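Here the structure is laid out as structure tokens; the discussion comes afterwards.
Note: ideal-geometry Cβ built from the backbone for every residue, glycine included; neighbour counts use all protein chains shown. Basis: the model, the stated rules and, where named, an outside source; these are not laboratory values.
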Amino acid sequence: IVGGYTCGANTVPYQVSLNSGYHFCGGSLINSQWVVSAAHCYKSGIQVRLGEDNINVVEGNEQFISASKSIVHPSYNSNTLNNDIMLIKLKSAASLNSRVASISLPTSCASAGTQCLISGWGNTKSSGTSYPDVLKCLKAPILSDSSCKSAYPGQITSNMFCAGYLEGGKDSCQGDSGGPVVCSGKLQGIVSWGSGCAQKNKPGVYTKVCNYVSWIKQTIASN
Ligand SMILES: [Ca+2]
């Protein structure tokens, strides 16, 4: 996250870190057994780390649970990043508490102008590279589809939305991928892609979670 703020420990209780020996992507806890992340984060050998603040220090609220199964969306296209969503099942159920909590799925899509919370452990610099140990946060609005499509000609599908600031300076970044965009208490986006980070006229692009609620629910119901 570039241009954000330190969230505070366990203030984003649905945020998970995906770990394969190191943090590599975010995700969102949606029930005691399941995490939503980006399909481009897929890899084998995932450990889900819940209850994290400093990802390099054991602080006392963590739960580390191996993934038993990951399910990339049936129509994910890695070239275009269309349908950039996956589900990860935990080998054991998380113990839910005030610091480890699921986030609700949306019932309808969000609208341009709605202010959302984006979080992660990704790069905090737009030029250069600095990875934080503690969780970072950014409040940002959803942008109109027309402005999104104008910013990225030929690239924005109906399964994507833009959020952030056209002036630059405030965005998600590499290492935030797969993490949450939460608006009014609902998971509306997944950190997906962008041109660089925090660049003028190049806002963040996010997977449009509302389009996937039926798939999510039916997948959980049979897995
Ligand atoms: Ca920790």
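In the set (1) farther than 17 Å from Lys136 by Cα; (2) among the hydrophobic types (A, V, I, L, M, F, W, C); (3) assigned by CATH to the domain that holds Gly164, the condition left unmet by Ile46 is number (3).
The set of residues from segment 101-135 being among the hydroxyl-bearing types (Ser, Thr, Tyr) and free of Cβ contacts under 8 Å to residues at least 24 places away in the same chain comprises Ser127, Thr129, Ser130.
Conditions (1) under 24 Å from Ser144 (Cβ atoms); (2) outside any loop (DSSP other than H, G, I, E, B); (3) not assigned by CATH to the domain that holds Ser195; (4) not polar (S, T, N, Q), marked per residue:
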residue	(1), (2), (3), (4)
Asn79	no, no, yes, no
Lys89	no, yes, yes, yes
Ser95	no, no, yes, no
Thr107	yes, no, no, no
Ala110	yes, no, no, yes
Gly113	yes, no, no, yes
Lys125	no, no, no, yes
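Would you mind stating whether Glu59 is acidic (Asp, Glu) and crowded, with 24+ Cβ neighbours inside 10 Å? Taking the combined requirement at face value, the residue does not satisfy it.
Can you say whether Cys148 is over 30 Å from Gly51 (Cβ atoms), touching a helix residue (DSSP H, G or I) at 6+ places or on another chain (Cβ under 7 Å) and free of Cβ contacts under 8 Å to residues at least 60 places away in the same chain, as far as the supplied structure shows? No; evaluated as a whole, the condition is false for this residue.
Considering segment 2-77, the qualifying strands (runs of 3 or more DSSP E), each wholly inside and each with 2 or more residues that are more than 16 Å from the ligand (Cβ to nearest atom), run over 23-31, 34-37, 63-72.
What number of residues within segment 88-113 are farther than 25 Å from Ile71 by Cβ and surrounded by 15 or more Cβ atoms within 10 Å (Cβ to Cβ)?
Pass one, segment 88-113, residues farther than 25 Å from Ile71 by Cβ: 97-99, 111-113.
Filter again for surrounded by 15 or more Cβ atoms within 10 Å (Cβ to Cβ), leaving 99, 112.
Qualifying residue count, segment 88-113: 2.
In summary, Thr80 fulfils each of the numbered conditions (1) more than 16 Å from the chain's Cα centre (by Cα); (2) over 24 Å from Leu166 (Cα atoms) with the single exception of condition (2).
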